[PDB]
């Protein structure tokens, strides 16, 4: 492990001797540093899958148009016609944050990268929460937030010529809004996390079930730095893609968003998403 914290680089990951990596060792590195780069791995699809199985329980994405043609577990973001889906993740989110079991870990392998300006922005939601005074934290504790993904589900090739209301209705059954505690506690690190997302968090309600003042959700979102279109907030870390360098991170603690670029060429990334078996997203706080 070269550095410490978000950009930490890890050098010994050999795609033909993955049996040397144990689950507890890679998990502890990820929990501690939150975002790590497995440098110069360049795995095949099957070696990637082996590494994913080391990390945790691989969950395939629910929508098969994202699947790798040969490996349903691999979520494919690619500008190649008919390969996965182009330009995914162009908005702040947590992977599967709208689903019954959000992922513990996300893992992205960049396969083709044009230029050197694309990657992912990350925000540490535990550091945001720890930054807030107790009086500001108090309206958020013991509440439930609603996360509505539906407006961000993408039109699929098989949706062409469907009435949009029927596509919407199908989305509403597949990915209905869901409620999570506004503040959660990481089941492993003990860290409290402000689990809110400008893209999908619509409201906060208290233990009675009453609406909390809309000014509370708005203030907290602003505090995360998710509402600055110029990405200058101190809480934003920028991680640039590099071919073969695998990006692996804690999907409970980090909110992220695609960073786009200007260079011509194919952008192709493969993603594996894993549960760790612990309370997800976390314990209520």
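Residue numbers count along the first chain shown, from 1.
The stretch with the higher mean CA B factor, choosing between 203 to 211 and 68 to 76, is 203 to 211. Legend: mean Cα B-factor per stretch from the PDB entry, 95 to 103 versus 131 to 139; the higher mean is in 131 to 139. In this structure the maximum Cα B-factor among 34, 257, 39, 53 is found at 39. Note on 81, 192, 166, 159: the highest value goes to 81, judged by CA B factor as recorded. The deposited CA B-factor of residue 266 belongs to the highest third of values across its chain.
Ranked by Cα temperature factor within the chain, residue 23 sits in the middle third according to the deposited record. Per the deposited record, the Cα B-factor of residue 274 falls in the lowest third when ranked against the other modelled residues of its chain.
The entry lists a Cα temperature factor for residue 281 that places it in the lowest third of the chain's modelled residues. In the PDB entry, residue 112 places in the highest third of its chain by CA B-factor.
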